[PDB]
Amino acid sequence: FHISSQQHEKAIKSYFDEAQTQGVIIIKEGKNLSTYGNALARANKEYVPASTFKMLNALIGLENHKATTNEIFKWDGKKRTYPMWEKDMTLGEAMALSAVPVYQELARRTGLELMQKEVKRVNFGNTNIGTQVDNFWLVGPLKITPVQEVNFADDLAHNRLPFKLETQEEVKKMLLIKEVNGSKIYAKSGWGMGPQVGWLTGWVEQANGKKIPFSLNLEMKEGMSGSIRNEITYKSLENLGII
Ligand SMILES: *C(=O)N1C[C@H](NOS(=O)(=O)O)CC[C@H]1C(N)=O
């Protein structure tokens with residue numbers, strides 16, 4: 001509808017302003033990155049990946065045969081932080097529910113060494129996982145920037161990461177979170193509770209098959225629900241005509 005750039009920029013900054021946080025949303029068309037939001041300098045700062053790490057955690061586990069996509073991870077019967085986690089699930093269900101115990105299990109099956117080696121080989125963030133195989137993505141030392149996250153999403157959306165095509169297709173089928181008038185949104189959220197960072201990193205796949213990667217990165221505040229990350233992302237992507 002021939003909207004100015006100034007006006008797209010202003011509408012998107014105001015989504016972040018109206019949520020009373022600081023954040024950025026990076027979009028990639030082709031090789032070109034565009035940063036929007038109310039705190040542009042966040043784009044190249046380092047944050048914990050938190051649960052966005054599940055995406056690489058799954059790739060690595062599936063590649064190295066530590067799980068299959070059919071395999072049921074049994075709830076062991078301990079009280080878990082949310083009721084939705086007190087059930088048996090597949091890697092894919094666990095991705096939708098962001099179920100830490102399943103992903104911690106998978107990380108322990110991979111083991112620190114194969115994990116350190118594979119995070120180096122795919123060159124994710126600062127690539128340092130420290131000595132603790134089951135929490136490194138939440139409290140350090142692993143860190144990543146919003147630009148590295150959209151680049152990561154871009155790689156995965158186009159099967160360019162160093163993993164078999166089928167492993168990549170298996171993890172991607174797990175990430176479908178929304179369908180809007182012929183578009184599909186694939187993404188993983190993240191919330192570094194261990195200032196708390198919030199992510200939503202992914203791509204939109206358009207009707208015509210074109211794929212536009214994005215990473216939202218913002219500060220999660222006291223009593224904000226996780227779903228603002230989705231609301232701000234849907235509003236930004238629509239404003240830009242991407243969905
Ligand atoms: C991931 O960053 N986490 C796992 C779980 N679900 O997260 S989501 O809403 O960000 O998708 C709870 C919180 C968080 C964590 N503390 O590990």
Side-chain angles (χ1 to χ4, degrees), residues 16 19 21-26 42 45-61 67 73 75-76 78-108 110 115 119 124-126 129-130 132-146 148-150 152-153 156 171-172 174-178 185-203 214-221 223-234 236-237:
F16 288 86
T21 187
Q22 307 87 237
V24 79
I25 182 170
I26 308 176
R42 290 178 73 95
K45 295 181 184 302
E46 279 189 345
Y47 299 102
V48 301
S51 305
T52 64
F53 190 71
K54 295 200 186 17
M55 286 190 285
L56 180 53
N57 193 348
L59 263 353
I60 290 180
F73 289 78
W75 171 42
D76 61 347
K78 290 130 120 310
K79 171 102 212 66
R80 280 183 194 166
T81 318
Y82 314 67
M84 26 149 210
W85 299 349
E86 304 171 347
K87 82 174 208 63
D88 311 328
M89 50 197 116
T90 62
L91 250 22
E93 289 152 350
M95 189 67 75
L97 293 166
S98 206
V100 169
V102 169
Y103 279 86
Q104 287 187 284
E105 166 61 9
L106 186 66
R108 297 182 180 107
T110 299
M115 187 68 89
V119 175
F124 185 84
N126 71 8
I129 78 177
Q132 304 261 282
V133 77
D134 54 44
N135 79 139
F136 67 77
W137 53 77
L138 197 41
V139 299
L142 188 64
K143 302 252 171 87
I144 191 161
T145 65
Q148 284 163 343
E149 284 237 342
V150 238
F152 176 87
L156 179 64
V171 180
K172 301 198 272 166
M174 308 183 181
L175 302 164
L176 175 58
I177 59 175
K178 180 72 168 215
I185 304 172
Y186 293 89
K188 184 62 188 93
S189 59
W191 191 333
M193 277 141 160
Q196 284 173 343
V197 63
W199 294 99
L200 177 62
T201 293
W203 61 97
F214 65 82
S215 181
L216 167 287
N217 171 283
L218 87 205
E219 203 129 302
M220 298 293 289
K221 306 291 189 215
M224 186 152 299
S225 37
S227 91
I228 24 99
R229 295 165 302 177
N230 304 69
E231 296 171 41
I232 286 164
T233 292
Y234 311 157
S236 292
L237 256 9

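Count residues from 1 along the sequence. Counting convention: from 1, in listed order, for ligands and their atoms alike.
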- Task: Answer side chain, backbone, both or neither: which part of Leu138 comes under 4.0 Å from ligand 1, heavy atoms only.
- Result: side chain

- Item | Residue, atom name and distance, where the atom is the protein heavy atom closest to atom 8 (S) of ligand 1 | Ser189 OG, 3.6 Å

- Residue-ligand contact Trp85/ligand 1, heavy atom below 4.0 Å: yes

- Task: Among all protein heavy atoms, pick out the one at the shortest distance from atom 3 (N) of ligand 1; state its residue, atom name and that distance to 0.1 Å.
- Result: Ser51 OG, 2.3 Å

- Query: Can you name the nearest heavy-atom pair linking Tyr47 to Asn217, along with the distance?
  - Reply: CD1-ND2, 3.2 Å

- Among all protein heavy atoms, pick out the one at the shortest distance from atom 10 (O) of ligand 1; state its residue, atom name and that distance to 0.1 Å. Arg229 NH1, 2.9 Å

- Note on the structure: protein heavy-atom neighbour closest to atom 13 (C) of ligand 1 works out as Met193 SD, 3.7 Å

- Top protein contact for atom 14 (C) of ligand 1, by heavy-atom distance: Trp191 O, 3.2 Å

- Could you tell me which residues satisfy side chain to side chain contact (heavy atoms under 4.5 Å, CB included) with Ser236, sequence neighbours excluded, listed by chain and number? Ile12, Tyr15, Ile25, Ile232

- What protein heavy atom is closest to atom 7 (O) of ligand 1, reported as residue, atom name and distance in Å? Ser98 OG, 3.2 Å

Side-chain donor-acceptor pairs of residues 133-140 under 3.5 Å, sequence neighbours excluded:
unit_1 : atom_1 : unit_2 : atom_2 : d
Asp134 : OD2    : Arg108 : NE     : 2.5
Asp134 : OD2    : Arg108 : NH2    : 2.8
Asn135 : ND2    : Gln132 : O      : 3.1

- Verify whether one side chain among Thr145 and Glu149 offers a donor that lies under 3.5 Å from an acceptor in the other. no

- ligand 1 contact by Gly226, heavy-atom criterion under 4.0 angstrom: no

- Item | Polar proximity ligand 1 side, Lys54 side, N/O cut 3.5 Å exclusive | no

